[PDB]
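Just one chain is shown here, as structure tokens, and it is the form deposited in one PDB entry.
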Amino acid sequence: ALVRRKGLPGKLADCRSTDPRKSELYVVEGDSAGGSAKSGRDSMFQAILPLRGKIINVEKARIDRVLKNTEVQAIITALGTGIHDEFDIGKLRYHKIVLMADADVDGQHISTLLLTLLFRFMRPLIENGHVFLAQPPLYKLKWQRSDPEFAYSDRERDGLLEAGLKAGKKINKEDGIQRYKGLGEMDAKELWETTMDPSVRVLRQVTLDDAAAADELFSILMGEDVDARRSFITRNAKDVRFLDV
């Protein structure tokens, strides 16, 4: 068991449960999204750590400079575990670390920067499956009489719309389908019923198979060598669609 704040980051909205095994840390993008998340959460088991701005690239940046970064200190301090050789998983304050960023490309970028921080400083968190990715909604179908439905893809939107119309439901062509462009546009309720309610949230558990292959990919994509990265993108971006086919 571990004490919750009521010696940790000021931005941290800690949970109430003293059991790390049941506790969760939502690492959120932005002050707005983190603010609403702090309200819509279950304060018993879910803690919120909002991160501001692009995270520093630990692959490029020198070690001492990374340790001076306020956002990195917040993560390391909140997770309770050390880093590198001084890493001790026994002091992990949350057995679930949910990264929650915007659906847009800059959210994706922040994900790669966080995953790089974790893989380089605190790899066992990934190996033991403590790291997860929340999938935010993209659309909210606002039926005239029925309860609203959330969609996490363009396909699902078309499907739920098709089904609802076939069922005899109806939507306004003005209000209609609200499209989310970021977590910051959502309120507390919306975030709960899509990303934080454990009975409805869509989480993806980060797994680590080949450590050596991963090590090389991280260094290529995140490293200082531009040429390697440039050729990698021009080589593989052509086939990014067909990774899960």
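Only the largest set of C-alpha atoms that superpose within 1.5 Å between the two forms is called the rigid core. From 1 onward, residues are counted along the sequence shown.
Here the subject shifts to the form deposited in another entry, a form of this protein not shown in this document.
- Answer yes if the Cα of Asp175 shifts by 2 angstroms or more between this form and the one not shown on a rigid-core superposition, and no otherwise. Yes, the C-alpha moves 2 Å or more.
Core-aligned, does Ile110 move its Cα 2 Å or more between this form and the one not shown?
After core superposition, the C-alpha of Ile110 moves 2 Å or more between this form and the one not shown.
task = Once the core is aligned, please say if the CA of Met122 is shifted by at least 2 angstroms between this form and the one not shown.
result = After core superposition, the C-alpha of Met122 moves less than 2 Å between this form and the one not shown.
Out of closer and farther, which fits the Cα atoms of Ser153 and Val105 in the other form compared with this form, where the change is 3 Å or more?
Farther, not closer.
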